[PDB]
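Structure below is work_17.csv: CSV, N, CA and C atoms and all ligand atoms.
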```
chain,number,residue,atom,x,y,z
A,3,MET,N,90.7,86.7,100.3
A,3,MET,CA,90.1,87.8,99.6
A,3,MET,C,89.5,88.8,100.5
A,4,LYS,N,89.4,90.1,100.1
A,4,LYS,CA,88.7,91.1,100.9
A,4,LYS,C,87.3,91.1,100.5
A,5,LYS,N,86.5,90.2,101.0
A,5,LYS,CA,85.1,89.9,100.6
A,5,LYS,C,84.2,91.1,100.9
A,6,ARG,N,84.4,91.7,102.1
A,6,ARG,CA,83.5,92.8,102.5
A,6,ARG,C,83.7,94.0,101.7
A,7,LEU,N,85.0,94.4,101.5
A,7,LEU,CA,85.3,95.5,100.6
A,7,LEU,C,84.8,95.3,99.2
A,8,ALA,N,84.9,94.1,98.7
A,8,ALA,CA,84.5,93.8,97.3
A,8,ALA,C,82.9,93.9,97.3
A,9,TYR,N,82.3,93.4,98.3
A,9,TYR,CA,80.8,93.5,98.4
A,9,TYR,C,80.3,94.9,98.5
A,10,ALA,N,81.1,95.8,99.3
A,10,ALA,CA,80.7,97.2,99.3
A,10,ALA,C,80.8,97.8,97.9
A,11,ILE,N,81.9,97.5,97.2
A,11,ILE,CA,82.1,98.0,95.9
A,11,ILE,C,81.0,97.5,94.9
A,12,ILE,N,80.6,96.2,95.0
A,12,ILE,CA,79.5,95.7,94.2
A,12,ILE,C,78.2,96.4,94.5
A,13,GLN,N,77.9,96.7,95.8
A,13,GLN,CA,76.7,97.5,96.1
A,13,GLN,C,76.8,98.9,95.5
A,14,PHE,N,77.9,99.5,95.7
A,14,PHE,CA,78.1,100.9,95.1
A,14,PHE,C,77.9,100.9,93.6
A,15,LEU,N,78.5,99.9,92.9
A,15,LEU,CA,78.3,99.9,91.5
A,15,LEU,C,76.9,99.6,91.0
A,16,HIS,N,76.2,98.7,91.7
A,16,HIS,CA,74.8,98.4,91.4
A,16,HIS,C,74.0,99.7,91.6
A,17,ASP,N,74.3,100.5,92.6
A,17,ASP,CA,73.6,101.8,92.8
A,17,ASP,C,73.9,102.8,91.7
A,18,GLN,N,75.1,102.8,91.1
A,18,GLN,CA,75.5,103.6,90.0
A,18,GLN,C,74.5,103.4,88.8
A,19,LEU,N,74.1,102.1,88.6
A,19,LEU,CA,73.2,101.8,87.6
A,19,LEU,C,71.8,102.5,87.7
A,20,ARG,N,71.4,102.5,89.0
A,20,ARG,CA,70.0,103.0,89.3
A,20,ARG,C,70.0,104.5,89.6
A,21,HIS,N,71.1,105.0,90.2
A,21,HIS,CA,71.1,106.4,90.7
A,21,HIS,C,72.3,107.2,90.2
A,22,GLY,N,73.1,106.6,89.3
A,22,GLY,CA,74.4,107.3,89.0
A,22,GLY,C,74.4,108.2,87.8
A,23,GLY,N,73.3,108.1,86.9
A,23,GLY,CA,73.2,108.9,85.8
A,23,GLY,C,74.3,108.8,84.8
A,24,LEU,N,74.8,107.6,84.5
A,24,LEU,CA,75.9,107.4,83.6
A,24,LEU,C,75.4,107.3,82.2
A,25,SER,N,76.3,107.5,81.2
A,25,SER,CA,76.0,107.4,79.8
A,25,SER,C,75.6,106.0,79.4
A,26,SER,N,74.9,105.8,78.3
A,26,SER,CA,74.4,104.4,77.9
A,26,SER,C,75.6,103.5,77.7
A,27,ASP,N,76.7,104.0,77.1
A,27,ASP,CA,77.9,103.2,76.9
A,27,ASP,C,78.5,102.7,78.2
A,28,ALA,N,78.6,103.7,79.1
A,28,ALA,CA,79.1,103.4,80.4
A,28,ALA,C,78.2,102.4,81.1
A,29,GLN,N,76.9,102.6,81.0
A,29,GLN,CA,76.0,101.7,81.6
A,29,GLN,C,76.1,100.2,81.1
A,30,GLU,N,76.3,100.1,79.8
A,30,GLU,CA,76.5,98.7,79.3
A,30,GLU,C,77.7,98.0,79.9
A,31,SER,N,78.8,98.7,79.9
A,31,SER,CA,80.0,98.1,80.4
A,31,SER,C,79.9,97.9,81.9
A,32,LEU,N,79.3,98.8,82.6
A,32,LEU,CA,79.1,98.7,84.1
A,32,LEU,C,78.2,97.5,84.4
A,33,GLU,N,77.1,97.2,83.6
A,33,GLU,CA,76.3,96.1,83.9
A,33,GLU,C,77.1,94.8,83.8
A,34,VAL,N,78.0,94.7,82.7
A,34,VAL,CA,78.8,93.5,82.6
A,34,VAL,C,79.8,93.4,83.8
A,35,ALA,N,80.4,94.5,84.1
A,35,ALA,CA,81.3,94.4,85.3
A,35,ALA,C,80.7,93.9,86.5
A,36,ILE,N,79.5,94.3,86.8
A,36,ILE,CA,78.8,93.9,88.0
A,36,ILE,C,78.5,92.4,88.0
A,37,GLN,N,78.0,91.9,86.9
A,37,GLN,CA,77.8,90.5,86.7
A,37,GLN,C,79.1,89.7,86.9
A,38,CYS,N,80.2,90.2,86.4
A,38,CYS,CA,81.5,89.5,86.5
A,38,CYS,C,82.0,89.6,87.9
A,39,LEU,N,81.8,90.7,88.6
A,39,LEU,CA,82.2,90.9,90.0
A,39,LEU,C,81.5,90.0,90.9
A,40,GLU,N,80.2,89.7,90.7
A,40,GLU,CA,79.4,88.8,91.5
A,40,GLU,C,80.0,87.4,91.5
A,41,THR,N,80.4,87.0,90.3
A,41,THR,CA,81.1,85.7,90.1
A,41,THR,C,82.4,85.7,90.8
A,42,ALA,N,83.2,86.8,90.6
A,42,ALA,CA,84.5,86.9,91.1
A,42,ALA,C,84.6,86.8,92.7
A,43,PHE,N,83.6,87.4,93.3
A,43,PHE,CA,83.7,87.5,94.8
A,43,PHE,C,82.6,86.6,95.5
A,44,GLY,N,81.8,85.9,94.7
A,44,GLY,CA,80.9,85.0,95.3
A,44,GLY,C,79.8,85.6,96.2
A,45,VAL,N,79.4,86.8,95.8
A,45,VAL,CA,78.4,87.5,96.5
A,45,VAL,C,77.5,88.3,95.5
A,46,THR,N,76.2,88.4,95.7
A,46,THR,CA,75.3,89.1,94.8
A,46,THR,C,74.5,90.2,95.5
A,47,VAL,N,74.0,91.1,94.6
A,47,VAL,CA,72.9,92.0,95.0
A,47,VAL,C,71.8,91.7,94.0
A,48,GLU,N,70.6,91.4,94.4
A,48,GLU,CA,69.6,90.9,93.5
A,48,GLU,C,69.1,92.0,92.5
A,49,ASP,N,69.0,91.6,91.3
A,49,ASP,CA,68.6,92.5,90.2
A,49,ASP,C,68.3,91.8,88.9
A,50,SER,N,67.0,91.7,88.6
A,50,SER,CA,66.5,91.4,87.3
A,50,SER,C,66.3,92.7,86.5
A,51,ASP,N,66.8,92.7,85.3
A,51,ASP,CA,67.5,91.6,84.6
A,51,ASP,C,68.9,91.9,84.2
A,52,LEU,N,69.8,91.9,85.2
A,52,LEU,CA,71.2,91.6,84.9
A,52,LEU,C,71.1,90.1,84.7
A,53,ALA,N,71.6,89.7,83.5
A,53,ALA,CA,71.4,88.3,83.0
A,53,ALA,C,72.0,87.3,83.9
A,54,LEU,N,73.2,87.6,84.4
A,54,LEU,CA,74.0,86.6,85.2
A,54,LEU,C,74.1,87.0,86.6
B,3,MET,N,80.0,108.5,88.5
B,3,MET,CA,81.1,108.0,89.4
B,3,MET,C,82.3,109.0,89.3
B,4,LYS,N,82.9,109.3,90.4
B,4,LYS,CA,84.1,110.1,90.4
B,4,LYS,C,85.3,109.3,89.9
B,5,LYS,N,86.1,109.9,89.0
B,5,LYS,CA,87.3,109.2,88.4
B,5,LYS,C,88.3,108.7,89.5
B,6,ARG,N,88.5,109.5,90.5
B,6,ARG,CA,89.5,109.1,91.5
B,6,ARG,C,89.0,107.8,92.2
B,7,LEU,N,87.8,107.7,92.5
B,7,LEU,CA,87.2,106.5,93.1
B,7,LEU,C,87.3,105.3,92.2
B,8,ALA,N,86.9,105.5,90.9
B,8,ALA,CA,87.0,104.5,89.9
B,8,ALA,C,88.4,103.9,89.8
B,9,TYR,N,89.4,104.8,89.8
B,9,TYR,CA,90.8,104.3,89.8
B,9,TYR,C,91.1,103.5,91.0
B,10,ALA,N,90.8,104.0,92.2
B,10,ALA,CA,91.1,103.2,93.4
B,10,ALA,C,90.4,101.9,93.4
B,11,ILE,N,89.2,101.8,92.9
B,11,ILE,CA,88.5,100.5,92.9
B,11,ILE,C,89.2,99.6,91.9
B,12,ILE,N,89.6,100.0,90.8
B,12,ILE,CA,90.2,99.1,89.8
B,12,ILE,C,91.6,98.7,90.3
B,13,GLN,N,92.3,99.6,91.0
B,13,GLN,CA,93.5,99.1,91.7
B,13,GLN,C,93.3,98.0,92.7
B,14,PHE,N,92.3,98.2,93.5
B,14,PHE,CA,91.9,97.2,94.5
B,14,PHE,C,91.6,95.8,93.8
B,15,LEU,N,90.8,95.9,92.7
B,15,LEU,CA,90.5,94.7,92.0
B,15,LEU,C,91.7,94.0,91.4
B,16,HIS,N,92.7,94.8,90.9
B,16,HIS,CA,93.9,94.2,90.3
B,16,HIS,C,94.7,93.5,91.4
B,17,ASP,N,94.6,94.1,92.6
B,17,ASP,CA,95.3,93.5,93.8
B,17,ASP,C,94.7,92.2,94.2
B,18,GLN,N,93.4,92.2,94.2
B,18,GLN,CA,92.6,90.9,94.4
B,18,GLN,C,92.9,89.8,93.4
B,19,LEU,N,93.1,90.2,92.2
B,19,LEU,CA,93.4,89.3,91.1
B,19,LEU,C,94.7,88.6,91.5
B,20,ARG,N,95.7,89.3,92.0
B,20,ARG,CA,97.0,88.8,92.3
B,20,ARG,C,97.2,88.3,93.7
B,21,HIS,N,96.3,88.6,94.6
B,21,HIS,CA,96.4,88.2,96.0
B,21,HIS,C,95.2,87.7,96.7
B,22,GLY,N,94.1,87.7,96.0
B,22,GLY,CA,92.8,87.4,96.7
B,22,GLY,C,92.5,85.9,97.0
B,23,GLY,N,93.3,85.0,96.4
B,23,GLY,CA,93.1,83.6,96.5
B,23,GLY,C,91.8,83.1,95.9
B,24,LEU,N,91.4,83.8,94.8
B,24,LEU,CA,90.1,83.5,94.1
B,24,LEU,C,90.3,82.2,93.3
B,25,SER,N,89.2,81.5,93.1
B,25,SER,CA,89.3,80.3,92.2
B,25,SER,C,89.6,80.8,90.7
B,26,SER,N,90.0,79.8,89.9
B,26,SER,CA,90.3,80.1,88.5
B,26,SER,C,89.1,80.8,87.8
B,27,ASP,N,87.9,80.3,88.0
B,27,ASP,CA,86.7,80.9,87.4
B,27,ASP,C,86.6,82.4,87.9
B,28,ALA,N,86.8,82.6,89.2
B,28,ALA,CA,86.6,83.9,89.8
B,28,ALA,C,87.7,84.8,89.2
B,29,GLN,N,88.9,84.4,89.1
B,29,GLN,CA,89.9,85.2,88.6
B,29,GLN,C,89.6,85.7,87.1
B,30,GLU,N,89.1,84.8,86.3
B,30,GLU,CA,88.8,85.1,84.9
B,30,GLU,C,87.7,86.2,84.9
B,31,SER,N,86.7,86.0,85.7
B,31,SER,CA,85.6,87.0,85.8
B,31,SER,C,86.1,88.3,86.3
B,32,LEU,N,87.1,88.3,87.2
B,32,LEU,CA,87.7,89.5,87.8
B,32,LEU,C,88.5,90.3,86.7
B,33,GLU,N,89.2,89.5,85.9
B,33,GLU,CA,90.0,90.1,84.8
B,33,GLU,C,89.1,90.8,83.8
B,34,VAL,N,88.0,90.2,83.5
B,34,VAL,CA,87.0,90.8,82.6
B,34,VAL,C,86.3,92.0,83.3
B,35,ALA,N,85.9,91.9,84.6
B,35,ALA,CA,85.4,93.0,85.3
B,35,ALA,C,86.3,94.3,85.2
B,36,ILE,N,87.6,94.1,85.3
B,36,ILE,CA,88.5,95.1,85.2
B,36,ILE,C,88.5,95.8,83.8
B,37,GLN,N,88.5,95.0,82.8
B,37,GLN,CA,88.3,95.6,81.4
B,37,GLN,C,87.0,96.4,81.3
B,38,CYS,N,85.9,95.9,81.9
B,38,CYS,CA,84.6,96.6,81.8
B,38,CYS,C,84.6,97.9,82.6
B,39,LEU,N,85.2,97.9,83.8
B,39,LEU,CA,85.3,99.1,84.6
B,39,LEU,C,86.2,100.2,84.0
B,40,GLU,N,87.3,99.7,83.4
B,40,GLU,CA,88.2,100.7,82.7
B,40,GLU,C,87.4,101.3,81.5
B,41,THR,N,86.6,100.6,80.8
B,41,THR,CA,85.8,101.1,79.7
B,41,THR,C,84.7,102.0,80.3
B,42,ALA,N,84.0,101.6,81.3
B,42,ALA,CA,82.9,102.3,81.9
B,42,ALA,C,83.3,103.7,82.3
B,43,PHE,N,84.4,103.8,83.0
B,43,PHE,CA,84.8,105.0,83.8
B,43,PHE,C,85.9,105.7,83.2
B,44,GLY,N,86.5,105.2,82.1
B,44,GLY,CA,87.5,106.0,81.4
B,44,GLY,C,88.8,106.2,82.1
B,45,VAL,N,89.3,105.1,82.8
B,45,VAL,CA,90.6,105.1,83.4
B,45,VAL,C,91.2,103.7,83.2
B,46,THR,N,92.6,103.6,83.1
B,46,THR,CA,93.2,102.4,82.9
B,46,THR,C,94.2,102.0,84.1
B,47,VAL,N,94.2,100.7,84.4
B,47,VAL,CA,95.1,100.1,85.4
B,47,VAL,C,95.8,98.9,84.8
B,48,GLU,N,95.1,97.9,84.3
B,48,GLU,CA,95.7,96.8,83.6
B,48,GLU,C,95.9,97.0,82.1
B,49,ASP,N,95.0,97.8,81.5
B,49,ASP,CA,95.2,98.2,80.1
B,49,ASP,C,95.3,97.0,79.2
B,50,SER,N,94.5,95.9,79.4
B,50,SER,CA,94.6,94.7,78.5
B,50,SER,C,94.2,95.0,77.1
B,51,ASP,N,94.9,94.4,76.1
B,51,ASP,CA,94.4,94.4,74.7
B,51,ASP,C,93.1,93.8,74.6
B,52,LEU,N,92.6,93.0,75.5
B,52,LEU,CA,91.4,92.3,75.5
B,52,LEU,C,90.2,93.2,75.7
B,53,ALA,N,90.4,94.4,76.3
B,53,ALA,CA,89.3,95.2,76.7
B,53,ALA,C,88.5,95.8,75.5
B,54,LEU,N,87.2,95.6,75.5
B,54,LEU,CA,86.3,96.1,74.4
B,54,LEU,C,85.5,97.3,74.9
C,101,CL,CL,99.5,91.2,86.7
```

Represent the structure contained in this file as structure tokens.
Amino acid sequence: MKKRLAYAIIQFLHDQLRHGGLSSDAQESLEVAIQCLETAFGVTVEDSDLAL
Amino acid sequence: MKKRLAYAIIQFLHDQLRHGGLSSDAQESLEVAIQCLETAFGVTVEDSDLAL
């Protein structure tokens, strides 16, 4: 797996939540994607409260 | 998020699903992440009927 690139992407997406100014619908789907990606690539960026 | 980058990211994730050597749990999470990113950013790569 390309763990470092995936981790870069996870950090980028986390930042989109906080600094990206996305729509609420996009935000909901993005939150889920981030949680799923952290499981997929076995790496996290700490954030309460993303549930997973 | 810029659509060009969203597209490239989702293409990378699709490639990791098929070539990343991820565990079964991780693969499932990745498939769902792809659905979520397609929805979040308004571009399609896998275009699963499962995407909500
Ligand atoms: Cl496929």

>> What residues of the protein or nucleic acid chains come within 8 Å of ligand CL 101 (chain C) when you use only N, CA and C atoms and all ligand atoms? Reply as JSON, numbers by chain.
In response: {"B": [16, 19, 20, 48]}

Can you superpose chain B onto chain A by least squares over all C-alpha atoms paired in order and give the moved copy as an mmCIF file with N, CA and C atoms, keeping the file's coordinate frame?
```
data_model
loop_
_atom_site.group_PDB
_atom_site.id
_atom_site.type_symbol
_atom_site.label_atom_id
_atom_site.label_comp_id
_atom_site.auth_asym_id
_atom_site.auth_seq_id
_atom_site.Cartn_x
_atom_site.Cartn_y
_atom_site.Cartn_z
ATOM 1 N N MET B 3 90.216 88.430 97.260
ATOM 2 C CA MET B 3 89.401 89.631 97.666
ATOM 3 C C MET B 3 88.536 89.232 98.908
ATOM 4 N N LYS B 4 88.446 90.100 99.856
ATOM 5 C CA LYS B 4 87.564 89.890 100.978
ATOM 6 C C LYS B 4 86.104 90.090 100.581
ATOM 7 N N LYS B 5 85.226 89.161 101.000
ATOM 8 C CA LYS B 5 83.757 89.226 100.642
ATOM 9 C C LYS B 5 83.101 90.577 101.094
ATOM 10 N N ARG B 6 83.465 91.034 102.251
ATOM 11 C CA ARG B 6 82.801 92.249 102.741
ATOM 12 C C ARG B 6 83.161 93.425 101.783
ATOM 13 N N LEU B 7 84.323 93.524 101.360
ATOM 14 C CA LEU B 7 84.765 94.547 100.402
ATOM 15 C C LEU B 7 84.061 94.433 99.079
ATOM 16 N N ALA B 8 84.029 93.172 98.532
ATOM 17 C CA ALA B 8 83.342 92.870 97.329
ATOM 18 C C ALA B 8 81.889 93.336 97.344
ATOM 19 N N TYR B 9 81.214 93.039 98.469
ATOM 20 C CA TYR B 9 79.820 93.537 98.609
ATOM 21 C C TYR B 9 79.755 95.008 98.584
ATOM 22 N N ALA B 10 80.564 95.703 99.386
ATOM 23 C CA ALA B 10 80.498 97.175 99.362
ATOM 24 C C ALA B 10 80.800 97.730 98.028
ATOM 25 N N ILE B 11 81.689 97.159 97.264
ATOM 26 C CA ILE B 11 81.991 97.714 95.930
ATOM 27 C C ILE B 11 80.786 97.463 95.043
ATOM 28 N N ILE B 12 80.151 96.402 95.057
ATOM 29 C CA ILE B 12 79.037 96.133 94.131
ATOM 30 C C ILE B 12 77.839 96.998 94.565
ATOM 31 N N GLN B 13 77.675 97.236 95.871
ATOM 32 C CA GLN B 13 76.701 98.286 96.231
ATOM 33 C C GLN B 13 76.943 99.661 95.681
ATOM 34 N N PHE B 14 78.172 100.057 95.794
ATOM 35 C CA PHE B 14 78.621 101.346 95.248
ATOM 36 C C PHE B 14 78.296 101.435 93.690
ATOM 37 N N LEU B 15 78.669 100.325 92.990
ATOM 38 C CA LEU B 15 78.395 100.310 91.596
ATOM 39 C C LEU B 15 76.926 100.375 91.238
ATOM 40 N N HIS B 16 76.055 99.711 92.069
ATOM 41 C CA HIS B 16 74.612 99.724 91.793
ATOM 42 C C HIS B 16 74.085 101.145 92.003
ATOM 43 N N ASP B 17 74.739 101.822 92.964
ATOM 44 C CA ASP B 17 74.363 103.258 93.260
ATOM 45 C C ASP B 17 74.711 104.165 92.135
ATOM 46 N N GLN B 18 75.887 103.944 91.627
ATOM 47 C CA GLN B 18 76.347 104.650 90.338
ATOM 48 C C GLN B 18 75.454 104.434 89.132
ATOM 49 N N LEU B 19 74.965 103.255 89.025
ATOM 50 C CA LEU B 19 74.088 102.852 87.940
ATOM 51 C C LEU B 19 72.870 103.772 88.047
ATOM 52 N N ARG B 20 72.315 103.997 89.222
ATOM 53 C CA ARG B 20 71.114 104.729 89.450
ATOM 54 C C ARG B 20 71.284 106.196 89.717
ATOM 55 N N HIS B 21 72.482 106.641 89.993
ATOM 56 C CA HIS B 21 72.768 108.038 90.302
ATOM 57 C C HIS B 21 73.965 108.680 89.723
ATOM 58 N N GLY B 22 74.721 107.906 88.995
ATOM 59 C CA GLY B 22 76.060 108.427 88.540
ATOM 60 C C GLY B 22 76.051 109.406 87.327
ATOM 61 N N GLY B 23 74.893 109.506 86.650
ATOM 62 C CA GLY B 23 74.751 110.282 85.472
ATOM 63 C C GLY B 23 75.595 109.818 84.300
ATOM 64 N N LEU B 24 75.759 108.465 84.246
ATOM 65 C CA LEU B 24 76.619 107.813 83.195
ATOM 66 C C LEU B 24 75.834 107.851 81.872
ATOM 67 N N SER B 25 76.582 107.860 80.786
ATOM 68 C CA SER B 25 75.878 107.746 79.462
ATOM 69 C C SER B 25 75.221 106.281 79.349
ATOM 70 N N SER B 26 74.331 106.197 78.348
ATOM 71 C CA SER B 26 73.658 104.920 78.114
ATOM 72 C C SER B 26 74.683 103.766 77.918
ATOM 73 N N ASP B 27 75.709 103.989 77.126
ATOM 74 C CA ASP B 27 76.742 102.971 76.891
ATOM 75 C C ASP B 27 77.386 102.594 78.289
ATOM 76 N N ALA B 28 77.700 103.613 79.084
ATOM 77 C CA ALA B 28 78.418 103.407 80.322
ATOM 78 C C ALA B 28 77.447 102.625 81.231
ATOM 79 N N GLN B 29 76.226 102.953 81.331
ATOM 80 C CA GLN B 29 75.354 102.289 82.161
ATOM 81 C C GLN B 29 75.240 100.722 81.813
ATOM 82 N N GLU B 30 75.190 100.434 80.543
ATOM 83 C CA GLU B 30 75.059 99.054 80.074
ATOM 84 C C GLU B 30 76.335 98.296 80.541
ATOM 85 N N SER B 31 77.462 98.900 80.328
ATOM 86 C CA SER B 31 78.746 98.278 80.757
ATOM 87 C C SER B 31 78.796 98.107 82.226
ATOM 88 N N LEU B 32 78.199 99.031 83.000
ATOM 89 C CA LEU B 32 78.167 99.013 84.469
ATOM 90 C C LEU B 32 77.272 97.813 84.966
ATOM 91 N N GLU B 33 76.161 97.677 84.246
ATOM 92 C CA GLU B 33 75.214 96.580 84.580
ATOM 93 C C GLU B 33 75.865 95.226 84.373
ATOM 94 N N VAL B 34 76.605 95.099 83.326
ATOM 95 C CA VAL B 34 77.355 93.864 83.041
ATOM 96 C C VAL B 34 78.533 93.708 84.045
ATOM 97 N N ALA B 35 79.314 94.781 84.361
ATOM 98 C CA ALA B 35 80.286 94.712 85.361
ATOM 99 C C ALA B 35 79.769 94.106 86.731
ATOM 100 N N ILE B 36 78.576 94.515 87.118
ATOM 101 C CA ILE B 36 77.983 94.066 88.244
ATOM 102 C C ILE B 36 77.683 92.530 88.218
ATOM 103 N N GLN B 37 77.137 92.107 87.140
ATOM 104 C CA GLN B 37 76.993 90.589 86.955
ATOM 105 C C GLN B 37 78.338 89.869 87.057
ATOM 106 N N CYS B 38 79.411 90.444 86.474
ATOM 107 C CA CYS B 38 80.731 89.775 86.495
ATOM 108 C C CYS B 38 81.336 89.771 87.896
ATOM 109 N N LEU B 39 81.203 90.878 88.642
ATOM 110 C CA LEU B 39 81.692 90.943 90.001
ATOM 111 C C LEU B 39 80.953 90.023 90.995
ATOM 112 N N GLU B 40 79.626 89.967 90.761
ATOM 113 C CA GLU B 40 78.828 89.015 91.631
ATOM 114 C C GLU B 40 79.294 87.562 91.296
ATOM 115 N N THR B 41 79.600 87.202 90.114
ATOM 116 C CA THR B 41 80.075 85.885 89.741
ATOM 117 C C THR B 41 81.505 85.734 90.301
ATOM 118 N N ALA B 42 82.378 86.660 90.127
ATOM 119 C CA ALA B 42 83.756 86.612 90.524
ATOM 120 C C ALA B 42 83.888 86.289 91.993
ATOM 121 N N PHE B 43 83.158 87.011 92.802
ATOM 122 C CA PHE B 43 83.375 87.126 94.279
ATOM 123 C C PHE B 43 82.354 86.447 95.024
ATOM 124 N N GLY B 44 81.308 85.888 94.382
ATOM 125 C CA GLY B 44 80.368 85.056 95.128
ATOM 126 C C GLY B 44 79.482 85.760 96.097
ATOM 127 N N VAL B 45 78.989 87.002 95.693
ATOM 128 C CA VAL B 45 78.018 87.726 96.457
ATOM 129 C C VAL B 45 77.050 88.387 95.464
ATOM 130 N N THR B 46 75.724 88.594 95.887
ATOM 131 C CA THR B 46 74.807 89.151 95.057
ATOM 132 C C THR B 46 74.210 90.534 95.633
ATOM 133 N N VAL B 47 73.981 91.460 94.700
ATOM 134 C CA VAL B 47 73.356 92.762 94.988
ATOM 135 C C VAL B 47 72.212 93.001 94.027
ATOM 136 N N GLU B 48 72.419 92.982 92.725
ATOM 137 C CA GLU B 48 71.357 93.069 91.764
ATOM 138 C C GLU B 48 70.714 91.743 91.366
ATOM 139 N N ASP B 49 71.527 90.672 91.411
ATOM 140 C CA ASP B 49 70.970 89.325 91.220
ATOM 141 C C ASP B 49 70.266 89.211 89.896
ATOM 142 N N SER B 50 70.777 89.813 88.771
ATOM 143 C CA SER B 50 70.073 89.699 87.448
ATOM 144 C C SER B 50 70.033 88.302 86.940
ATOM 145 N N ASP B 51 68.905 87.895 86.298
ATOM 146 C CA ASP B 51 68.879 86.637 85.506
ATOM 147 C C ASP B 51 69.868 86.643 84.466
ATOM 148 N N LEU B 52 70.424 87.727 84.001
ATOM 149 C CA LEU B 52 71.331 87.886 82.961
ATOM 150 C C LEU B 52 72.714 87.383 83.311
ATOM 151 N N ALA B 53 73.044 87.297 84.624
ATOM 152 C CA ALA B 53 74.380 87.029 85.017
ATOM 153 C C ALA B 53 74.846 85.577 84.683
ATOM 154 N N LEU B 54 75.971 85.459 84.012
ATOM 155 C CA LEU B 54 76.537 84.125 83.599
ATOM 156 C C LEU B 54 77.738 83.785 84.479
#
```

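If you measure from each of A:13, A:50, A:6, A:42 to residue 30 in chain B using all atoms listed in the file, the closest one turns out to be A:42.
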
> Residues of chain A within 5 Å of chain B, using all atoms listed in the file, as a PyMOL selection string?
Replying inline: chain A and resi 3+28+31+35+38+41-42

Selected residues written out with N, CA and C atoms, as a short mmCIF file (atom, residue, chain, number, x, y, z; two decimals), in the coordinates of the input:
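New file again.cif:
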```
data_model
loop_
_atom_site.label_atom_id
_atom_site.label_comp_id
_atom_site.auth_asym_id
_atom_site.auth_seq_id
_atom_site.Cartn_x
_atom_site.Cartn_y
_atom_site.Cartn_z
N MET A 3 90.70 86.70 100.30
CA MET A 3 90.10 87.80 99.60
C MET A 3 89.50 88.80 100.50
N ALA A 28 78.60 103.70 79.10
CA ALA A 28 79.10 103.40 80.40
C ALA A 28 78.20 102.40 81.10
N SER A 31 78.80 98.70 79.90
CA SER A 31 80.00 98.10 80.40
C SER A 31 79.90 97.90 81.90
N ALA A 35 80.40 94.50 84.10
CA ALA A 35 81.30 94.40 85.30
C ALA A 35 80.70 93.90 86.50
N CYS A 38 80.20 90.20 86.40
CA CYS A 38 81.50 89.50 86.50
C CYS A 38 82.00 89.60 87.90
N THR A 41 80.40 87.00 90.30
CA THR A 41 81.10 85.70 90.10
C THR A 41 82.40 85.70 90.80
N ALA A 42 83.20 86.80 90.60
CA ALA A 42 84.50 86.90 91.10
C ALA A 42 84.60 86.80 92.70
#
```

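Atom pair CA of residue 45 in chain B / CA of residue 5 in chain B: separated by 7.3 Å.
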
>> Let's see if you can do this: from backbone DSSP, list all alpha helix (DSSP H) residues in chain B, as a count of residues only.
In response: 35

Would you place a box with edges along x, y and z of the file around all atoms of range 5-8 of chain A listed there, add 5 Å to each of its six sides, and report the centre and edge lengths in Å to one decimal, as AutoDock Vina command-line options?
```
--center_x 84.7 --center_y 92.7 --center_z 99.9 --size_x 13.6 --size_y 15.6 --size_z 15.2
```

> Which value, in Å to one decimal, gives the distance between atom C of residue 9 in chain A and atom C of residue 46 in chain A?
Replying inline: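 Taking atom C of residue 9 in chain A and atom C of residue 46 in chain A, their separation equals 8.0 Å.
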
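If you look at atom N of residue 47 in chain A and atom N of residue 4 in chain B, they are 20.7 Å away from each other.
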